[PDB]
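Asker: Let me give you the structure first, and then I'll get to my questions.
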Amino acid sequence: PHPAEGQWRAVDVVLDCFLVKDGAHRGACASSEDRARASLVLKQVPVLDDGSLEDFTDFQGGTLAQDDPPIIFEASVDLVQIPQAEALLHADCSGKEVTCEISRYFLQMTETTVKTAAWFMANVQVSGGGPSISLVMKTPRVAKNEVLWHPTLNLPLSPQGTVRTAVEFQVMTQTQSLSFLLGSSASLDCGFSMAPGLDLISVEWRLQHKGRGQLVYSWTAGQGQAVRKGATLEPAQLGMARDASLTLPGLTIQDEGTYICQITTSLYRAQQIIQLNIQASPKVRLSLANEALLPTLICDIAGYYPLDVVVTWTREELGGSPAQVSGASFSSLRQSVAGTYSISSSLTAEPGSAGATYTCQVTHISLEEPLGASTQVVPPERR
Amino acid sequence: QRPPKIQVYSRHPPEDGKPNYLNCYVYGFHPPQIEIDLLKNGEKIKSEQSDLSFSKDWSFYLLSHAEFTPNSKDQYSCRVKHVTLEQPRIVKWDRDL
Amino acid sequence: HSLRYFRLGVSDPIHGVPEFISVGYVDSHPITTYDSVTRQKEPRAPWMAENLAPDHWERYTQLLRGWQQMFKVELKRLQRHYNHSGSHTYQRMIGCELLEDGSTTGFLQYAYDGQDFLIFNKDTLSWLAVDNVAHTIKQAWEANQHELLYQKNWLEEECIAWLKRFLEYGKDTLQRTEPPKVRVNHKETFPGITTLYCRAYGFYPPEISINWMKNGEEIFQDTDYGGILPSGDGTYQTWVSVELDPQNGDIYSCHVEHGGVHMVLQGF
Ligand SMILES: CC(=O)Nc1nc2ncc(C=O)nc2c(=O)[nH]1
């Protein structure tokens with residue numbers, strides 16, 4: 001999205017906030033649970049089409065609220081939300097339920113990663129793999145010799161009311177999921193922002209596959225460098241949210257998996273995780289062998305991914321009771337120069353007494369509609 | 001479920017009057033509940049099945065082989081059974097001729 | 001060089017599905033297998049039996065038995081975290097790789113019903129997650145820094161040490177190599193179309209490539225590539241073929257390369 005320099009109005013959103021039952025979880029080991037205890041304050045700054053309410057909009061009506069619950073976090077905004085300004089509007093348009101979750105950076109069994117201090121995190125995600133953001137926030141509390149003073153949001157969020165919070169750093173994406181074709185170009189979608197008081201060191205892009213997360217691209221101190229493939233643009237300056245996308249040349253099989261966009265700042269770091277699937281749509285050709293008392297059906301199904309497309313033959317008569325063929329056979333599963341897969345299949349036809357129709361049907365996840373081909377078989381006596 | 005992928009091949013180029021060995025390679029299947037049947041003209045022939053090995057791709061490998069006498073007049077095929085499939089997979093071999 | 005350890009089982013097994021399996025591999029041949037039925041560790045290689053005392057085989061078996069029991073506990077815990085009352089499969093994988101340039105790496109991954117669950121990144125000292133539960137566990141495991149040094153060493157120190165030892169132990173067998181044999185023929189795979197098919201067999205390890213030239217020039221049409229197919233004789237097979245037009249009166253040459261051996265067929 002272009003920076004919000006047009007006509008817009010900020011609105012106040014409240015989302016149900018989950019909290020892990022740490023020490024009282026359904027399972028054995030967890031730092032997350034889908035159970036609400038409070039809400040978070042969210043900001044949205046959508047672009048207005050009508051302005052029918054002058055200084056407001058119901059664009060985010062599905063999430064908008066005026067009534068604050070007994071417990072709610074201020075989640076003050078010291079950084080740019082623009083990339084997500086319509087994230088909840090799009091959710092409402094798609095009818096996708098939106099939730100959020102709060103947790104802590106505090107560790108008791110070991111050394112606190114943020115040097116024991118009242119620092120917390122808050123995540124917001126749209127159901128169905130929609131827009132996602134992870135907020136990094138602080139609470140202005142002070143202690144000298146205390147252990148649990150944060151408080152640690154456990155079990156209860158607070159003995160009373162709610163502690164103040166403010167976001168100084170966040171990482172966001174438009175999607176938790178991507179889909180491309182094998183051999184086709186691609187890109188990753190992500191970005192981030194921060195308070196003026198926080199600087200940026202580097203951003204890394206990694207691929208999760210084959211038992212290891214591996215670097216594919218990095219950007220450090222103004223200099224971009226690929227180690228496998230891809231290219232980026234220079235991050236924005238303070239005043240606008242910074243991009244963290246990655247342009248990817250034609251993808252191959254090895255490039256399938258889950259991509260992680262990692263941002264490291266002068267104080268803190270965070271990442272989003274985006275799954276990228278690759279597919280290819282089968283193509284089908286069919287021909288009937290000439291002559292023979294039992295003409296052979298030959299069909300090739302090529303240029304698909306992943307391997308082992310499902311193929312079924314059908315036999316239809318001039319009335320009677322048409323039925324599927326559970327026999328036939330397949331062979332010759334192989335790859336092409338494109339990385340795609342191909343497979344062959346054949347069936348011995350019975351011309352019948354007055355002719356018969358044969359079809360080779362193909363089923364694949366990449367096929368919105370059934371794919372296959374038909375041919376007629378003509379008895380020797382019907383030529 | 002991971003539907004098995006199947007290929008059939010000889011150990012050496014078949015030739016009439018020259019007894020040979022028939023392999024079938026089944027890979028990418030899960031769970032590892034596979035039984036491989038090698039057949040001649042639709043009839044099961046003497047065969048053996050080896051260990052089921054792990055893959056990095058969450059799947060297993062399996063090799064099975066059989067003894068036969070090559071014959072250009074005859075046809076050969078393989079069927080692979082899988083507990084979690086409604087119907088065994090049927091694959092045709094071109095006799096490597 | 002590869003070293004792999006696998007551990008797999010099922011939460012409340014159904015339909016006769018194996019309850020627990022654990023098998024170890026090196027390079028391109030198994031080295032060991034564990035039988036969860038009789039609860040015994042067994043060799044798959046003659047140089048494993050040689051270079052491991054009965055004392056170690058028994059000790060290792062007892063260790064594996066412990067892991068088997070604790071694994072089943074994990075399986076029940078997973079059901080609680082997934083909130084699944086039904087029967088589901090779960091497995092883990094770990095191993096290492098030693099490179100010619102002396103460098104080392106390795107991997108560690110978990111799956112749930114065949115789906116990616118978690119991967120450990122030893123270089124960032126963090127976990128990668130996919131689904132909701134994986135994210136739940138990710139945060140929990142990352143928070144617990146006491147696994148930091150363990151997980152790192154688990155991938156590197158334990159596996160690499162074993163691999164190097166295995167490479168020594170089986171040095172008399174793991175240096176095996178054989179050149180391919182080649183046979184090329186024509187056949188019909190589709191009416192009006194002719195296929196030119198190359199078979200290669202009897203080579204080891206499977207470091208092999210097959211290509212074609214058309215009238216001395218690189219081919220322009222698509223090419224069908226096979227995989228690596230065990231022969232059962234300690235060697236592997238492969239094949240590559242190209243599609244010919246019915247009017248294709250051109251001359252092709254077959255190039256087969258493996259192990260430094262390069263064969264070029266001047267006709268078929
Ligand atoms: C800490 C750890 O789990 N390492 C580890 N050691 C092993 N030692 C022997 C065997 C084979 O018997 N397998 C393993 C294995 O899978 N993992």
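Going by the structure tokens order, chains are called A, B, ..., each with residues numbered from 1, while ligands are numbered from 1 in the order shown.
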Within 7 Å of chain C, which residues of chain A show up when using only C-alpha atoms, listed as a PyMOL selection string?
Answerer: chain A and resi 26-32+110+211-213+287+289+298+334-337
Asker: For ligand 1, return the neighbouring residues as a VMD selection string (distance at most 8 Å; only C-alpha atoms and all ligand atoms).
Answerer: chain C and resid 5 to 7 22 to 24 32 to 34 41 60 to 61 64 94 154 158 to 159
Asker: With the cut-off set at 7 Å and counting only C-alpha atoms, tabulate each residue of chain A with an atom at most that distance from an atom of chain B, showing the nearest atom pair and its distance in Å to one decimal, ordered by chain and increasing number, as CSV.
Answerer:
```
residue,atom,partner,partner_atom,distance
A:308,CA,B:5,CA,6.9
A:329,CA,B:91,CA,5.2
A:330,CA,B:91,CA,5.0
A:331,CA,B:91,CA,5.6
```
Asker: In Å, with one decimal, what is the gap from CA of residue 203 (chain C) to CA of residue 237 (chain C)?
Answerer: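 Here the two named atoms are 7.0 Å from each other.
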Asker: List every residue of chain B that has an atom at most 12 Å from any atom of chain C, and for each one report the closest atom pair and its distance in Å to one decimal, counting only C-alpha atoms, with rows sorted by chain and then by increasing residue number, as JSON lines.
Answerer:
```
{"residue": "B:1", "atom": "CA", "partner": "C:114", "partner_atom": "CA", "distance": 7.7}
{"residue": "B:2", "atom": "CA", "partner": "C:114", "partner_atom": "CA", "distance": 8.0}
{"residue": "B:3", "atom": "CA", "partner": "C:114", "partner_atom": "CA", "distance": 11.8}
{"residue": "B:5", "atom": "CA", "partner": "C:227", "partner_atom": "CA", "distance": 11.3}
{"residue": "B:6", "atom": "CA", "partner": "C:229", "partner_atom": "CA", "distance": 10.4}
{"residue": "B:7", "atom": "CA", "partner": "C:229", "partner_atom": "CA", "distance": 8.4}
{"residue": "B:8", "atom": "CA", "partner": "C:229", "partner_atom": "CA", "distance": 9.2}
{"residue": "B:9", "atom": "CA", "partner": "C:229", "partner_atom": "CA", "distance": 8.6}
{"residue": "B:10", "atom": "CA", "partner": "C:231", "partner_atom": "CA", "distance": 8.3}
{"residue": "B:11", "atom": "CA", "partner": "C:231", "partner_atom": "CA", "distance": 5.9}
{"residue": "B:12", "atom": "CA", "partner": "C:201", "partner_atom": "CA", "distance": 7.9}
{"residue": "B:13", "atom": "CA", "partner": "C:183", "partner_atom": "CA", "distance": 8.3}
{"residue": "B:14", "atom": "CA", "partner": "C:183", "partner_atom": "CA", "distance": 11.6}
{"residue": "B:21", "atom": "CA", "partner": "C:231", "partner_atom": "CA", "distance": 9.6}
{"residue": "B:22", "atom": "CA", "partner": "C:231", "partner_atom": "CA", "distance": 9.3}
{"residue": "B:23", "atom": "CA", "partner": "C:231", "partner_atom": "CA", "distance": 7.1}
{"residue": "B:24", "atom": "CA", "partner": "C:229", "partner_atom": "CA", "distance": 8.6}
{"residue": "B:25", "atom": "CA", "partner": "C:229", "partner_atom": "CA", "distance": 6.5}
{"residue": "B:26", "atom": "CA", "partner": "C:229", "partner_atom": "CA", "distance": 9.4}
{"residue": "B:27", "atom": "CA", "partner": "C:229", "partner_atom": "CA", "distance": 9.8}
{"residue": "B:28", "atom": "CA", "partner": "C:114", "partner_atom": "CA", "distance": 11.1}
{"residue": "B:29", "atom": "CA", "partner": "C:114", "partner_atom": "CA", "distance": 10.4}
{"residue": "B:30", "atom": "CA", "partner": "C:114", "partner_atom": "CA", "distance": 8.1}
{"residue": "B:31", "atom": "CA", "partner": "C:17", "partner_atom": "CA", "distance": 7.3}
{"residue": "B:32", "atom": "CA", "partner": "C:17", "partner_atom": "CA", "distance": 7.8}
{"residue": "B:33", "atom": "CA", "partner": "C:17", "partner_atom": "CA", "distance": 6.9}
{"residue": "B:34", "atom": "CA", "partner": "C:17", "partner_atom": "CA", "distance": 10.7}
{"residue": "B:48", "atom": "CA", "partner": "C:232", "partner_atom": "CA", "distance": 11.1}
{"residue": "B:49", "atom": "CA", "partner": "C:232", "partner_atom": "CA", "distance": 10.6}
{"residue": "B:50", "atom": "CA", "partner": "C:232", "partner_atom": "CA", "distance": 9.0}
{"residue": "B:51", "atom": "CA", "partner": "C:30", "partner_atom": "CA", "distance": 9.7}
{"residue": "B:52", "atom": "CA", "partner": "C:23", "partner_atom": "CA", "distance": 9.9}
{"residue": "B:53", "atom": "CA", "partner": "C:23", "partner_atom": "CA", "distance": 8.0}
{"residue": "B:54", "atom": "CA", "partner": "C:6", "partner_atom": "CA", "distance": 7.1}
{"residue": "B:55", "atom": "CA", "partner": "C:6", "partner_atom": "CA", "distance": 8.9}
{"residue": "B:56", "atom": "CA", "partner": "C:93", "partner_atom": "CA", "distance": 7.5}
{"residue": "B:57", "atom": "CA", "partner": "C:114", "partner_atom": "CA", "distance": 8.6}
{"residue": "B:58", "atom": "CA", "partner": "C:114", "partner_atom": "CA", "distance": 5.9}
{"residue": "B:59", "atom": "CA", "partner": "C:114", "partner_atom": "CA", "distance": 8.0}
{"residue": "B:60", "atom": "CA", "partner": "C:6", "partner_atom": "CA", "distance": 11.0}
{"residue": "B:61", "atom": "CA", "partner": "C:230", "partner_atom": "CA", "distance": 10.1}
{"residue": "B:62", "atom": "CA", "partner": "C:230", "partner_atom": "CA", "distance": 9.4}
{"residue": "B:63", "atom": "CA", "partner": "C:230", "partner_atom": "CA", "distance": 7.2}
{"residue": "B:64", "atom": "CA", "partner": "C:232", "partner_atom": "CA", "distance": 8.4}
{"residue": "B:65", "atom": "CA", "partner": "C:232", "partner_atom": "CA", "distance": 8.1}
{"residue": "B:66", "atom": "CA", "partner": "C:232", "partner_atom": "CA", "distance": 11.0}
{"residue": "B:82", "atom": "CA", "partner": "C:17", "partner_atom": "CA", "distance": 11.1}
{"residue": "B:83", "atom": "CA", "partner": "C:15", "partner_atom": "CA", "distance": 7.6}
{"residue": "B:84", "atom": "CA", "partner": "C:15", "partner_atom": "CA", "distance": 8.2}
{"residue": "B:85", "atom": "CA", "partner": "C:15", "partner_atom": "CA", "distance": 11.6}
{"residue": "B:94", "atom": "CA", "partner": "C:187", "partner_atom": "CA", "distance": 9.6}
{"residue": "B:95", "atom": "CA", "partner": "C:187", "partner_atom": "CA", "distance": 11.5}
{"residue": "B:96", "atom": "CA", "partner": "C:199", "partner_atom": "CA", "distance": 8.6}
{"residue": "B:97", "atom": "CA", "partner": "C:185", "partner_atom": "CA", "distance": 7.8}
```
Asker: From the set B:35, B:47, B:40, B:88, which residue has the shortest atom-to-atom contact distance to residue 76 (chain B), counting only C-alpha atoms?
Answerer: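 Among the listed residues, the smallest separation from residue 76 (chain B) belongs to B:40.
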Asker: If you run DSSP over the backbone, which residues in region 2-225 of chain C end up alpha helix (DSSP H)? Put them as a CSV table (one decimal) with N, CA and C atoms, in the first residue's frame.
Answerer:
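As written to disk, part-v4.csv reads:
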```csv
chain,number,residue,atom,x,y,z
C,46,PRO,N,28.3,-55.8,8.6
C,46,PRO,CA,29.3,-56.8,9.1
C,46,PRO,C,30.3,-56.1,9.9
C,47,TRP,N,30.6,-54.8,9.6
C,47,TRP,CA,31.6,-54.0,10.2
C,47,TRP,C,31.1,-53.3,11.4
C,48,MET,N,29.8,-53.2,11.5
C,48,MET,CA,29.1,-52.8,12.7
C,48,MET,C,29.2,-53.9,13.8
C,49,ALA,N,28.9,-55.1,13.4
C,49,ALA,CA,29.0,-56.2,14.3
C,49,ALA,C,30.5,-56.4,14.8
C,50,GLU,N,31.4,-56.1,14.0
C,50,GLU,CA,32.8,-56.3,14.3
C,50,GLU,C,33.3,-55.3,15.3
C,51,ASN,N,33.0,-54.0,15.1
C,51,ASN,CA,33.6,-52.9,15.8
C,51,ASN,C,32.8,-52.5,17.0
C,54,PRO,N,29.7,-56.9,22.2
C,54,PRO,CA,28.5,-57.3,22.8
C,54,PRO,C,28.0,-56.4,23.9
C,55,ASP,N,29.0,-55.9,24.7
C,55,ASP,CA,28.7,-55.0,25.8
C,55,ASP,C,28.0,-53.8,25.3
C,56,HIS,N,28.3,-53.3,24.2
C,56,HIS,CA,27.8,-52.0,23.6
C,56,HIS,C,26.4,-52.3,23.1
C,57,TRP,N,26.2,-53.5,22.4
C,57,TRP,CA,25.0,-53.8,21.8
C,57,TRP,C,23.9,-54.0,22.9
C,58,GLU,N,24.2,-54.6,24.0
C,58,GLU,CA,23.3,-54.7,25.1
C,58,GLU,C,23.0,-53.3,25.7
C,59,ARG,N,24.0,-52.6,26.0
C,59,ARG,CA,23.8,-51.2,26.6
C,59,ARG,C,23.0,-50.3,25.7
C,60,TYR,N,23.2,-50.4,24.4
C,60,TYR,CA,22.5,-49.6,23.5
C,60,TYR,C,21.0,-50.0,23.4
C,61,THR,N,20.8,-51.3,23.4
C,61,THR,CA,19.5,-51.8,23.4
C,61,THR,C,18.6,-51.3,24.6
C,62,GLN,N,19.2,-51.3,25.8
C,62,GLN,CA,18.6,-50.8,27.0
C,62,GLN,C,18.3,-49.3,26.9
C,63,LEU,N,19.2,-48.6,26.3
C,63,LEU,CA,18.9,-47.2,26.0
C,63,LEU,C,17.8,-47.0,25.1
C,64,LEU,N,17.7,-47.8,24.0
C,64,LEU,CA,16.7,-47.7,23.0
C,64,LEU,C,15.3,-48.0,23.6
C,65,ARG,N,15.3,-49.0,24.5
C,65,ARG,CA,14.1,-49.4,25.2
C,65,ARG,C,13.5,-48.3,26.0
C,66,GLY,N,14.4,-47.5,26.7
C,66,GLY,CA,14.0,-46.4,27.5
C,66,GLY,C,13.4,-45.3,26.6
C,67,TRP,N,14.0,-45.0,25.4
C,67,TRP,CA,13.5,-44.1,24.5
C,67,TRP,C,12.1,-44.5,24.0
C,68,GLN,N,12.0,-45.8,23.7
C,68,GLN,CA,10.7,-46.3,23.2
C,68,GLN,C,9.6,-46.0,24.2
C,69,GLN,N,9.8,-46.2,25.5
C,69,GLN,CA,8.8,-46.0,26.5
C,69,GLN,C,8.5,-44.5,26.6
C,70,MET,N,9.5,-43.7,26.6
C,70,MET,CA,9.3,-42.2,26.7
C,70,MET,C,8.7,-41.6,25.5
C,71,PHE,N,9.0,-42.2,24.3
C,71,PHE,CA,8.4,-41.8,23.1
C,71,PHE,C,6.8,-42.0,23.2
C,72,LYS,N,6.4,-43.1,23.7
C,72,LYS,CA,5.0,-43.4,23.8
C,72,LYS,C,4.3,-42.3,24.7
C,73,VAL,N,5.0,-41.9,25.7
C,73,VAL,CA,4.5,-40.8,26.6
C,73,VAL,C,4.3,-39.5,25.8
C,74,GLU,N,5.3,-39.2,25.0
C,74,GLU,CA,5.2,-38.0,24.1
C,74,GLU,C,4.0,-38.1,23.2
C,75,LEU,N,3.7,-39.3,22.7
C,75,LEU,CA,2.6,-39.5,21.7
C,75,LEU,C,1.3,-39.1,22.4
C,76,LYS,N,1.2,-39.5,23.7
C,76,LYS,CA,0.0,-39.2,24.4
C,76,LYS,C,-0.1,-37.7,24.7
C,77,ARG,N,1.0,-37.1,25.0
C,77,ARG,CA,1.1,-35.6,25.2
C,77,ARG,C,0.7,-34.8,24.0
C,78,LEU,N,1.1,-35.3,22.8
C,78,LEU,CA,0.8,-34.7,21.6
C,78,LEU,C,-0.7,-34.6,21.3
C,79,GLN,N,-1.4,-35.7,21.6
C,79,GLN,CA,-2.9,-35.8,21.5
C,79,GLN,C,-3.5,-34.7,22.4
C,80,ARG,N,-3.0,-34.5,23.6
C,80,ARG,CA,-3.5,-33.5,24.5
C,80,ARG,C,-3.3,-32.1,23.9
C,81,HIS,N,-2.2,-31.9,23.3
C,81,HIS,CA,-1.9,-30.6,22.7
C,81,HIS,C,-2.7,-30.3,21.4
C,82,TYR,N,-2.8,-31.4,20.6
C,82,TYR,CA,-3.6,-31.3,19.4
C,82,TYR,C,-5.1,-31.4,19.7
C,132,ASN,N,-0.5,-24.5,14.5
C,132,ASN,CA,-0.8,-23.8,15.7
C,132,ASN,C,-0.1,-24.4,16.9
C,133,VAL,N,0.0,-25.8,16.9
C,133,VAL,CA,0.6,-26.5,18.0
C,133,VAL,C,2.1,-26.3,17.9
C,134,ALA,N,2.7,-26.4,16.7
C,134,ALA,CA,4.1,-26.2,16.5
C,134,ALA,C,4.5,-24.8,17.0
C,135,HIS,N,3.7,-23.8,16.8
C,135,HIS,CA,4.0,-22.5,17.3
C,135,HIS,C,3.9,-22.4,18.8
C,136,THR,N,2.9,-23.1,19.4
C,136,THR,CA,2.8,-23.3,20.9
C,136,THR,C,4.1,-23.9,21.5
C,137,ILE,N,4.6,-25.0,20.8
C,137,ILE,CA,5.7,-25.7,21.3
C,137,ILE,C,7.0,-24.9,21.1
C,138,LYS,N,7.1,-24.3,19.9
C,138,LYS,CA,8.2,-23.4,19.5
C,138,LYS,C,8.5,-22.5,20.6
C,139,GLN,N,7.6,-21.7,21.0
C,139,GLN,CA,7.8,-20.6,22.1
C,139,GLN,C,8.2,-21.3,23.4
C,140,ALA,N,7.6,-22.4,23.7
C,140,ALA,CA,8.0,-23.1,25.0
C,140,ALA,C,9.4,-23.6,25.0
C,141,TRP,N,9.8,-24.1,23.9
C,141,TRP,CA,11.1,-24.8,23.8
C,141,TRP,C,12.2,-23.7,23.6
C,142,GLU,N,11.9,-22.6,22.9
C,142,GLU,CA,12.8,-21.5,22.8
C,142,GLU,C,13.0,-20.8,24.1
C,143,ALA,N,12.0,-20.6,24.9
C,143,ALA,CA,12.0,-20.0,26.2
C,143,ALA,C,13.0,-20.7,27.1
C,148,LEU,N,19.4,-25.3,24.8
C,148,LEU,CA,20.2,-24.6,23.8
C,148,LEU,C,21.5,-25.3,23.4
C,149,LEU,N,22.3,-25.6,24.4
C,149,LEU,CA,23.6,-26.3,24.2
C,149,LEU,C,23.3,-27.8,23.8
C,150,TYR,N,22.3,-28.4,24.4
C,150,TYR,CA,22.0,-29.8,24.2
C,150,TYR,C,21.7,-30.0,22.7
C,151,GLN,N,20.7,-29.2,22.2
C,151,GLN,CA,20.2,-29.4,20.9
C,151,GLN,C,21.3,-29.1,19.8
C,152,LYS,N,22.1,-28.1,20.1
C,152,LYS,CA,23.2,-27.9,19.2
C,152,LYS,C,24.2,-29.0,19.1
C,153,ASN,N,24.6,-29.5,20.3
C,153,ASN,CA,25.6,-30.6,20.3
C,153,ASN,C,24.9,-31.9,19.8
C,159,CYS,N,26.4,-36.8,16.4
C,159,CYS,CA,26.2,-37.4,15.1
C,159,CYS,C,27.5,-37.5,14.3
C,160,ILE,N,28.3,-36.4,14.3
C,160,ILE,CA,29.5,-36.3,13.5
C,160,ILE,C,30.5,-37.3,14.1
C,161,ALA,N,30.6,-37.4,15.4
C,161,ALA,CA,31.5,-38.3,16.0
C,161,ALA,C,31.2,-39.8,15.6
C,162,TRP,N,29.9,-40.1,15.5
C,162,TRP,CA,29.5,-41.4,15.1
C,162,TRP,C,29.8,-41.6,13.6
C,163,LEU,N,29.5,-40.7,12.8
C,163,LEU,CA,29.8,-40.8,11.4
C,163,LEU,C,31.2,-41.1,11.0
C,164,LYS,N,32.1,-40.3,11.6
C,164,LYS,CA,33.5,-40.5,11.4
C,164,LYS,C,34.0,-41.8,11.8
C,165,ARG,N,33.5,-42.3,12.9
C,165,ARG,CA,33.8,-43.6,13.4
C,165,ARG,C,33.3,-44.7,12.5
C,166,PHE,N,32.1,-44.5,12.0
C,166,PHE,CA,31.5,-45.5,11.0
C,166,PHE,C,32.3,-45.5,9.7
C,167,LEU,N,32.7,-44.4,9.3
C,167,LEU,CA,33.5,-44.3,8.0
C,167,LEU,C,34.8,-45.0,8.1
C,168,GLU,N,35.4,-45.0,9.3
C,168,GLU,CA,36.6,-45.8,9.6
C,168,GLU,C,36.2,-47.3,9.7
C,169,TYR,N,35.2,-47.6,10.5
C,169,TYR,CA,34.8,-49.0,10.7
C,169,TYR,C,34.5,-49.7,9.4
```
Asker: Quick check, in Å to one decimal: how far apart do CA of residue 49 (chain A) and CA of residue 8 (chain A) lie?
Answerer: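 The value is 8.9 Å.
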Asker: Considering only strand (DSSP E) as DSSP defines it on the backbone, what residues of chain B qualify? List them as a PyMOL selection string.
Answerer: chain B and resi 5-10+20-29+34-40+43-44+47-54+60-68+76-82+89-93
Asker: Rounded to one decimal, what separation in Å do you get between CA of residue 247 (chain A) and CA of residue 230 (chain A)?
Answerer: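 So the two atoms, CA of residue 247 (chain A) and CA of residue 230 (chain A), lie 5.2 Å apart.
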Asker: Do you know which residues are at most 6 Å from residue 377 (chain A) counting only C-alpha atoms, after dropping those on the same chain fewer than 2 positions away, and could you put them as an MDAnalysis selection string?
Answerer: chainID A and resid 351 355:356
Asker: Can you pull out every residue within 12 Å of residue 239 (chain A), counting only C-alpha atoms, but drop anything in the same chain fewer than 4 positions away, and send it as a ChimeraX atom specification?
Answerer: /A:3-5,78-82,193-196,235
Asker: I'd like the neighbourhood of residue 273 (chain A) as a list in words, where a residue qualifies if any of its atoms comes within 9 Å (using only C-alpha atoms), though same-chain residues fewer than 5 positions away should be ignored.
Answerer: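 Everything that qualifies: residues 173, 176, 177, 258, 259, 260, 261 and 262 of chain A; 128, 129 and 130 of chain C.
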